[PDB]
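Order of the sequence lines fixes the chain letters, A, B, ..., with proteins taken first and strands second; residue numbering starts at 1 for each chain. Counting starts at 1 for both ligands and their atoms, following the listed order. Every heavy atom of this structure was used, including side-chain atoms; hydrogens, water molecules and symmetry mates were not.
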Amino acid sequence: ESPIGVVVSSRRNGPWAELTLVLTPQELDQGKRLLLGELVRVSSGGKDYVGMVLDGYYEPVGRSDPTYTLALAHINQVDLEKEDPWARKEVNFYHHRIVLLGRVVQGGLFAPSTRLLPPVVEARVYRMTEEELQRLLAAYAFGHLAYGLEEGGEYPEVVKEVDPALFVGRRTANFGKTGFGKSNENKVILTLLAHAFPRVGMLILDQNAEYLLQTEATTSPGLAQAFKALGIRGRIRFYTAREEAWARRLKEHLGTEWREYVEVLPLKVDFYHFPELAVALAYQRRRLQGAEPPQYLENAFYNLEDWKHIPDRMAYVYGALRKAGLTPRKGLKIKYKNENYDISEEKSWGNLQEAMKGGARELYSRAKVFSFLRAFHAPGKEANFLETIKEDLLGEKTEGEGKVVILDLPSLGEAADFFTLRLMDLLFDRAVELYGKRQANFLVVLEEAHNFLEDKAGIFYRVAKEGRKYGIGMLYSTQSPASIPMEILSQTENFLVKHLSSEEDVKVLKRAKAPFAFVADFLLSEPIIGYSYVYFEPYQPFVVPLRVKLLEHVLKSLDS
Amino acid sequence: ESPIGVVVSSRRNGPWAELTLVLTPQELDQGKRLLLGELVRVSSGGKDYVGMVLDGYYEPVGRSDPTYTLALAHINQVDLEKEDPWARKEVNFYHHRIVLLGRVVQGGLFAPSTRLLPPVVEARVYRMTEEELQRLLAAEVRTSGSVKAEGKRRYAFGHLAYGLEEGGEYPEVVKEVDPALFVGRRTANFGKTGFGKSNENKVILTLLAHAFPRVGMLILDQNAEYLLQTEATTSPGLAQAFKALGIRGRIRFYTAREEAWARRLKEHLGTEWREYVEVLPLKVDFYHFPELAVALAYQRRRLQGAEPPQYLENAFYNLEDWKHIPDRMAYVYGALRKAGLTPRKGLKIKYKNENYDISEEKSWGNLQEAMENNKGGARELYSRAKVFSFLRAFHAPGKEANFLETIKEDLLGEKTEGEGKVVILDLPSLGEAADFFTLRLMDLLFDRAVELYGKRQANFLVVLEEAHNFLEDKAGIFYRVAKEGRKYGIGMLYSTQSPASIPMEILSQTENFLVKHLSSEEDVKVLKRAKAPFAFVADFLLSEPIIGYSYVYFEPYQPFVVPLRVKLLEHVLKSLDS
DNA sequence: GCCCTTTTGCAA
DNA sequence: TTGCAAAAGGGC
Ligand SMILES: Nc1ncnc2c1ncn2[C@@H]1O[C@H](COP(=O)(O)OP(=O)(O)NP(=O)(O)O)[C@@H](O)[C@H]1O
C-alpha cells in the first residue's frame, strides 16, 4: 500500500525511460527486496505505468566510507547488527534501476513507452498485486507467473489462459534448446484447445512419431492418451502406412474400445481408380521440383478428363500404369479395340502389349515416369486420402466440428516431403476458393519448421505470409531462431521462448522484437526446464515469464 | 508568452547546434512539461529558430545531495508537496536538450541549420502556438530573395501529433498537400501490416482522382482491397469513394469472377453500379486471337533460355501473312483444337472449298481426315499441337476481348487520351499466372510508352504491393520502370513493409516517404542511411507501434520530417463534398 | 548448382 | 535426313 523505495533520478536511455530507486536500511531490515525482472507499478502525474527491474548495485549514500567502516568493524570483531546500530544504519542502502514499458489504456490496449519523463520528486514505485497482474495478463490455464526459481517469486494464481483468438489465424513460434519443453508446451495448448473450444481443427505433421502414442519416459504422453483421459471421443483421424502395426499398438494402451477415440486410415490408394490423380501427381512433382513439366505431361494433365470417354485412349493410360509396375487387382478387364484383356494375368498382359492417339501413346511409351507412384499404390483401396483430408479439415459438414488430423510422416519413407508439399498446396487452394463463404478455422502444427520455411517460393512460406486472411493458424517449432528467416520472424505475432545457450540466437531474437532485449541475459545464464518467456500481440506486447504445466498434471487436474 | 525555462549551455554536436534547458521547481509545480520530439521556438539575438526536444535527464543543480535529501524525507513519511517547501525547491529541477533545425525568413523560406551559436545569457525558449505551427508547416526551401509560388489548391492530409500522449495532438494544425507531388514521382509507403497503409493509399488515390482527372492509374490489387470494403473493416473502397464524389465512367475492373464481383458491386453501390465500374474478363478466346497464342508459346521458351524451335519462330513472324490464306489458317485452328482448346459453338473452318464445324465431333473427324489426306510452317505447327496444351488454363470461348490490348488502349490510347481511366487488376483470380501476366503487361506498356515519346506522354501511376518482391531484380521490368519511368511521365507508388529489401539505388531517388511502425532494426537503419532527416525519429519508429500514425517527408524542399495522424477517407470524402 | 552435350526415338 | 522432344551424365 506504500512505495517500496524512493526515486532519486530518471532519464531517457535510448528508446526507453528509466529511473533509479533506493532502498533504505529500514526497508532492508524489514526484509523488503526487488527481484531482477520483476514487474512493478509506477505512479507519475496521475498515470500508472508498467515497469521492470533491470539492474541492482551497491553505492555509498551521503558522506561515508563503507569499505573502511566495515573493514574496521571486522578487524575489531564487533557484531554489526547488535553492537553498532548507527554504523549499520549508514551503509545499508541499495540501488535499483527500473525501465518503463508503457501503460494500459481504454479497452485494455497498451500504449508503449512514453514521451513524458517523470520528475523525481513526484514519481512513486509500488509492488503490484495479484489482481493487477491478473488484469495485466488477461487483458484453462497454460502457465503461471514466475520469476526464476526464487522462493516467493511464484504466483500460482496468476495464469495465462488458452483462447482461440490467440492462436487461430495467427503465427506462433516455439523456441528453446533440446529437452526444455517445446513439445510439452505444444501438447498442452492443443489439449486445452480441444477440450474447451471443440470447433477448432488441427493438422499435425508428426515427423518423430510422438503426437499420438508416447510411452517412453523421454517426453509427455500423446494426444490419444490425453483424449482418452479427458473423455474426448471421435475427433482424431490418424493417417499412416503401417495401419496394422499402429492398430496393434493402440489396443495395448487405449484398451479394447480404442476405436471410440482414434480412427486409423491408410495412406495408400488404388491408382487404377484414380488415373487423373496419378497424372496430376506426376505433373505436380516437377513443379515442386525445379521447373518445366514436359509437353506430353501437360497435355495429359489437361486432357485426361476428355480422354475418359474413349476406351482406346484409356487403354494406354492403364497400360502405362501397368508398365510402370503398379499391381492391379485380380480380374481387371481392359477393353482395347474390340477385345477384353486381363492385365493381372501375364498371358493376357503380353497379348495386349503386343496388340497395342491424342497423346496417350506417348504417355504409355514413357511409363517409367510413374514408378514413384508405387510408394502410394495398393490395389483395392479406392479412397483418395487427399480428398478425405480435404473434407476432414475444410468440409462443409463441419461449420464447427473439430477434427485433429495427425499425419505419420516417417511411414512414407522418402516420399514424405513431396506428399506434405502437395497436401499443403491442395489445402491452401481450397481455403482460397472458399473465401467469402466460410473460414478455414484450423491450425497447422509444424515441428522442426526450419526445414519447411527455408525457400521463399515454398507453399509453407506462402501460408505463413497469407494464412491470416483465410483463417489458417500456424504453430511452428525450430529449436533456434537463427534458423528462421528474419522476414517470417518479424511478422510472427506470438512468441514462446525457452532457454537458448547461444548469443547469436538471443541477438536474432531481440533484433526481431525489441522488447526481447530485457531477458537475453536471463536466457543465456538460466537453463531451467519448462520455464518460458511469452509475448502476445497486440494485447500483451511485453515479455512475461511463465512456469508451464506438465501434461500429466494438466490431465490429472482437468478431471475436476 | 513567457520562456519555459532557463538556457544554461550551448554547443555544436556534429552538423547541428544544440542547447541545454533547465526546468525549475516553480515551472515543474505548475504542470509545465516538454515532450520528446516536440517543436519549440528559440529566440536569440533577435532571431527566431525552430528547435526540437531530443533528450531529458535529471542532474543536480548547485551544491546539493538529492539522494540523501530524498531518502531522509522518505524515511519520515514527509510529503514533499505540503510539508517541506525548502527541501522540494532544492531538488525539483529537470534538464532537456534541444536541437536547432533552422529558421523561417522572408515569405516562408526555410534557412536550414545555422552558422551562429547562440550565447546562453540571452537565449530564450518558448512554447509554440497553433498559428505559429500552422505557418511553420507551410514553409519550404526556396532559392533566395524570391517571392513565394502561390501555387494550386491544397487539401488536408493529416494533423500534427506527438505519439499517444494526452495534450500531444493538435487537430487544428494540419499538413496540406498538393496532389501534384504524387504525379510523375516515386512514393514509398513503409510500415507494418494493418497500421494504415491501405487507408493512406486510398486517400492519395482519391485526391489524385479528384484534382487531376487527366491522370490514369494501373493498380495491381494483390489483396483485393481497392475496389470495395473488405469483410474485415468498413473503410470505403475506390468505387464507393468515386460514387460519393460523383465521378462517372472511370473504373475498369478486370477479373475472372465477374458474376461474384457484379453481385458485390450491386449490393454496395445500389442498382446503378454499371455507371461507375465496368467489369471485364481476364480470359481470352484464342480462336479470335491466334497471334496471342503463338506469341505466348514462342516467348515461354525464350524467357526460360535456349533457342526457340524453327517452326515456332517462323509462325511468330509469319502468322499475319498466313491470315489471308484460309488453307494455311485451317492448320492453326486445327492445332488449337488438337491441343484441346474448346471452340465456341458453331465455329466453322474452311479447308480447300469445304466448310466444317469443329465444334461437332463428326465434322472435326472429317476435317482431320481431309487435313492429312508444305503450306508454310502451318502444317509443322499442326503436327506438334501439344505445344499449346498449357493455354487451356487461360482460354475461354466467346470473349473477343484481349484484355492485354484493351488495357494498353485504356492507358495509352489517342481516343481515350485525357480523362485517364483507372484500371484495377484482380490479381488473385489469376492463380499461378498472376506474376507472369503482370510482368508481361508491364513490359508491353513500357514499350508503348517509350514509343510514344514525343506525341503524347504516358501520364499514369503504377500502384504496386509487396514491392520488394519485384524491385529486387535489377534486370526486371519493374526495376527499369522505377529507374526510368519519370522520363515518360510514369509514376510509381509502392508499399513493401521491409525497406531493407529495396535497393539503395531505388531508395535514394524516391521523392515521397510515408513511414509507419517498423519492427525490424535493419529496416530503420536503411531508412536512416537513405535519408538524413529520418535520423531524429529512428528510436520512436522502433519502439512505438501506433496505428494510424505516420512520419511524412516530401522531397526536395521539405525542411524536416513531420509526424502526422492521417485523415480517414470517410472524413476526406465529406471535406471534398463541401 | 547450373548450364552443355549425348543417345534415343518419333516424325515428315 | 533432319528437326524436335525428353531423360541423363558431365563439365563449370
Ligand atoms: N513444463 C515442464 N515441467 C517439467 N518438466 C518438463 C516440462 N516440459 C518438459 N519437461 C521435461 O522435459 C522432457 C522433454 O520434454 P520435451 O517436450 O520433449 O522437450 P523438447 O523441447 O521437445 N526436446 P526436443 O523436442 O528433443 O527438442 C520431458 O520428458 C520432461 O521430463
Side-chain angles (χ1 to χ4, degrees), chain A residues 137 140-151 153-162 172-194 202 204-226 229 253 406-410 443-453 474-484 494-502 504-506 509 522-524 526-534 543-558:
Chain A
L137 277 188
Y140 308 124
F142 181 76
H144 70 252
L145 177 76
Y147 299 124
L149 279 161
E150 314 288 320
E151 75 168 8
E154 201 153 292
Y155 299 82
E157 304 306 323
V158 182
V159 301
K160 182 94 202 174
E161 285 151 87
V162 308
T172 317
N174 209 338
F175 304 121
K177 200 164 157 162
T178 180
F180 281 79
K182 296 189 293 296
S183 315
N184 184 357
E185 198 160 17
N186 289 358
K187 285 174 182 179
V188 161
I189 295 170
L190 295 176
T191 308
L192 289 167
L193 278 175
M202 295 150 214
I204 303 156
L205 309 179
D206 203 11
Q207 273 193 108
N208 288 290
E210 59 170 350
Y211 268 84
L212 184 87
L213 270 188
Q214 153 63 30
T215 66
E216 300 287 357
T218 196
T219 304
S220 286
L223 288 183
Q225 305 158 276
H253 304 106
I406 313 192
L407 305 168
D408 191 39
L409 291 189
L443 193 154
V444 181
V445 186
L446 188 64
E447 293 253 22
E448 291 275 74
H450 62 288
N451 289 320
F452 292 116
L453 312 164
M474 191 177 276
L475 164 64
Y476 62 96
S477 315
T478 190
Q479 272 186 359
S480 192
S483 293
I484 307 288
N494 318 322
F495 281 77
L496 308 163
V497 192
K498 275 73 69 178
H499 168 69
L500 307 158
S501 288
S502 181
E504 288 99 331
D505 279 345
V506 297
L509 191 65
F522 300 135
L523 282 167
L524 281 178
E526 311 197 314
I528 303 155
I529 289 166
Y531 189 53
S532 197
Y533 287 96
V534 305
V543 187
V544 171
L546 285 190
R547 181 66 180 170
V548 189
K549 290 176 166 59
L550 263 186
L551 186 64
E552 299 91 298
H553 298 347
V554 160
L555 299 177
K556 278 170 59 177
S557 305
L558 265 190

Taking the six-membered ring for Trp and the single ring otherwise, decide whether the centroids of A/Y531 and A/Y533 are under 6.0 Å apart.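 That pair passes the under 6.0 Å test.
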
Please enumerate all residues that pass ring-ring contact (aromatic ring centres under 6.0 Å, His included) together with A/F180, with sequence neighbours excluded.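 Counting only residues at least two positions away or on another chain, A/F180 forms a ring-ring contact (aromatic ring centres under 6.0 Å, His included) with A/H499.
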
Applying the side chain to side chain contact (heavy atoms under 4.5 Å, CB included) test to A/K187, which of A/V445, A/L551, A/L550 qualifies?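 For A/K187, the side chain to side chain contact (heavy atoms under 4.5 Å, CB included) test succeeds with only one of A/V445, A/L551, A/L550, which is A/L551.
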
Sequence-distant partners of A/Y476, side chain to side chain donor-acceptor pair (under 3.5 Å), two or more places apart: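 Scan of A/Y476 (side chain to side chain donor-acceptor pair (under 3.5 Å), adjacent residues dropped) gives A/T492.
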
Which residues satisfy the side chain to side chain donor-acceptor pair (under 3.5 Å) test with A/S532, sequence neighbours excluded?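 Testing A/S532 for side chain to side chain donor-acceptor pair (under 3.5 Å), a comparison that skips the adjacent residues, returns A/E185.
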
Would you check ligand 1 and list the protein residues that come within less than 4.0 Å of it by any heavy atom, ordered by chain and number?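 Residues near ligand 1: A/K177, A/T178, A/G179, A/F180, A/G181, A/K182, A/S183, A/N184, A/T218, A/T219, A/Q479, A/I529, A/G530, A/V548, A/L550.
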
Side chains of A/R547 and A/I528, heavy atoms from C-beta outward: is any pair under 4.5 Å?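 Yes, side chains in contact.
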
